[PDB]
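Take a look at the structure below.
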Amino acid sequence: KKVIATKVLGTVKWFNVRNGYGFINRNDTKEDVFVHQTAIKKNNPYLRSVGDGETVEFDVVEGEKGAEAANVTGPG
RNA sequence: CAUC
């Protein structure tokens, strides 16, 4: 719920569609942030997914277990 | 739903 950072750019380390989660490495701090599939904004063209090695833009928010990505989109 |  609580927003820590906005408009953060990062690269997807991995995302596993079976388990429905992954990690994004923040460009700004170089730390991994957890991303759940629900946190990813709906695709134009696995409606909620990101691809390994892709650059994405997201908010960082406070989850139960730590920092997690929110509102994950393409850059811009 | 936390290193698959």
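No hydrogens, no waters, no symmetry mates; every other heavy atom, side chains included, goes into these values. Chain naming here is simple, since letters A, B, ... match the order of the sequence lines and numbering starts at 1 in each.
- Clustering ILVMFWY residues whenever any of their side-chain heavy atoms sit less than 4.5 angstrom apart, transitively, puts A/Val3 in a cluster other than the one holding A/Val72.
- Residues A/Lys30 and A/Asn27 meet the side-chain proximity criterion, which asks for heavy atoms closer than 4.5 Å.
- Within the 4.0 angstrom heavy-atom criterion, base atoms lie near A/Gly66.
- A/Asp32 places its CG atom 13 Å from the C1' atom of B/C4, with the value rounded to the nearest Å.
- What separates CD1 of A/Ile40 from P of B/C1 is a distance of 13 Å, to the nearest Å.
- A/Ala69 comes within 4.0 angstrom of no nucleic acid atom, judged by non-hydrogen atoms across all strands.
- The distance from atom CD of A/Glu62 to atom P of B/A2 is 15 Å, rounded to the nearest whole Å.
- For the atom pair OG1 of A/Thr11 and CZ of A/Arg26, the computed distance is 12.5 Å after rounding to the nearest 0.5 Å.
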All N/O donor-acceptor pairs, side-chain side in residues 51-66 of chain A, below 3.5 Å, sequence neighbours left out:
residue: A/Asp52; atom: OD1; partner: A/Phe15; partner atom: N; Å: 3.0
residue: A/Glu54; atom: OE2; partner: A/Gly51; partner atom: N; Å: 2.8
residue: A/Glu57; atom: OE1; partner: A/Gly76; partner atom: N; Å: 3.1
residue: A/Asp59; atom: OD1; partner: A/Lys7; partner atom: N; Å: 3.2
residue: A/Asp59; atom: OD2; partner: A/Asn71; partner atom: ND2; Å: 3.0

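- The separation between A/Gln37 atom CD and B/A2 atom P is 12 Å, rounded to whole Å.
- With rounding to the nearest 0.5 Å, the separation of OG in A/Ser49 from CD1 in A/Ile40 is 6.0 Å.
- Interface residues of residues 11-25 of chain A facing RNA chain B, ordered by number: A/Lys13, A/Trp14, A/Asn16, A/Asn19, A/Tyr21, A/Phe23; criterion, heavy-atom separation under 4.0 Å.
- Distance check, rounded to the nearest 0.5 Å: CZ of A/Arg48 to OG1 of A/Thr38 gives 7.5 Å.
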